[PDB]
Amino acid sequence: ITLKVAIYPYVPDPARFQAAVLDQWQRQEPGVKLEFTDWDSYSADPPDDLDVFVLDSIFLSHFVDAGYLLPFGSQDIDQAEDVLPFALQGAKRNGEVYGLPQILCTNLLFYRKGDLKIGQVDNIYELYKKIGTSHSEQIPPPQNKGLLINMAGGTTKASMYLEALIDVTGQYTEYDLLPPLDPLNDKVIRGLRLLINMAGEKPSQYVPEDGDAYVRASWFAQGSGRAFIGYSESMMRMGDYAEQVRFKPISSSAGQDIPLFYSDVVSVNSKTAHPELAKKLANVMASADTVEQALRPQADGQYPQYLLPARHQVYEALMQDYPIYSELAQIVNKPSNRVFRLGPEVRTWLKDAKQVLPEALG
């Protein structure tokens, strides 16, 4: 018996995840072989021979209604009480749990220590009041000037549009029915344009030819820009500098915010020939032990990945050695937090949004 598995591809160090999963799997099932494969939910559906895999929850509704996944009954979920409540709830559809939460993500406002004025900023308009508009298109921005932020790519901008709308309306929704692309929401568009105005056009739309997703974090640590909005994982790349930066959650408006989080969940193929064994592996990949092992440094010169876990036990175990995880645990335990979900017609809607958003954003 060989199981085909795919870990989440977009992390600072996927090799650390692959080694943690293999190590933990072998402790319970040394005879069942694992064949690790490359798979991305943003540009592909689940292959028929891919047994276990990790996906971004915006695609969960589509996969469920298409008959691709195998639901997890209550007796198929290990230590459900340790999993953050909002994360567990965001993994349900048609009354069933369709995925096991592994990683969570959210943009944060990074500023340098000593710069107390930015420490008080709570939303993008207050940020604009402090740093103002960019006055250069150079890449990267001048030393200690402007905002660093990745807004390159269609789905990123489409995602940002939909998260902002929920803040504008002040009511959470899983978007079972996606919104009209014609009468576009003005408040949301003005907000997205403010971010571009603060960061510069070319700098905000830049894509490195080597595909380094954490390049803006390296520019910030070197002295570029005054503020940087990016995921928590950006800190692994900062390395030694991670201790010198400060960070806090930032809203796209003055209101109720409703903190939204991207959630990467572990699911099982409805077509798998090994249902219980597959469910056993899904639990291992999402267990507190393998996630802690994947986030911790595994060789000399290595730094923590700084990814957000979905179980309480991981934050507790990483805290002593890495005090940064204490502030991340606090952000993640807010009562109002929610998982970012999109309707069953995501793919088509994304195609349509690509023909109208760039023009609206200038």
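Residue numbers here begin at 1 and follow the sequence given.
**Student:** Per the entry, where is the mean C-alpha temperature factor higher: 167 to 175 or 136 to 144?
**Tutor:** If you average the C-alpha B-factors of 167 to 175 and of 136 to 144, the larger mean comes out for 167 to 175.
**Student:** In the PDB record, does 63 to 71 or 317 to 325 carry the higher mean Cα temperature factor?
**Tutor:** The deposited B-factors put 317 to 325 ahead on the C-alpha mean.
**Student:** Among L184, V265, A80, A158, single out the one with the highest C-alpha B factor in the record, please.
**Tutor:** Within the set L184, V265, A80, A158, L184 shows the top C-alpha B-factor.
**Student:** When you compare the CA B-factors of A221, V215, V284, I258 as listed in the entry, which one comes out on top?
**Tutor:** That would be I258, according to the entry.
**Student:** Please rank the C-alpha B-factors of the chain's modelled residues and tell me whether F86 sits in the lowest, middle or highest third.
**Tutor:** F86: CA B-factor falls in the middle third of its chain.
**Student:** Would you please rank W39 by its C-alpha temperature factor against the other modelled residues of its chain and give the third it falls in: lowest, middle or highest?
**Tutor:** Tercile = middle for this residue's CA B-factor.
**Student:** With respect to C-alpha B-factor, does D56 fall in the lowest, middle or highest third of the chain as deposited?
**Tutor:** According to the entry, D56 has a C-alpha B-factor in the chain's lowest third.
**Student:** Please rank the C-alpha B-factors of the chain's modelled residues and tell me whether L308 sits in the lowest, middle or highest third.
**Tutor:** Within its chain, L308 is a lowest-third residue by C-alpha B-factor, going by the deposited values.
**Student:** Where does the C-alpha B-factor of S336 rank in its chain, lowest, middle or highest third?
**Tutor:** It belongs to the middle third of the chain when residues are ordered by C-alpha B-factor.
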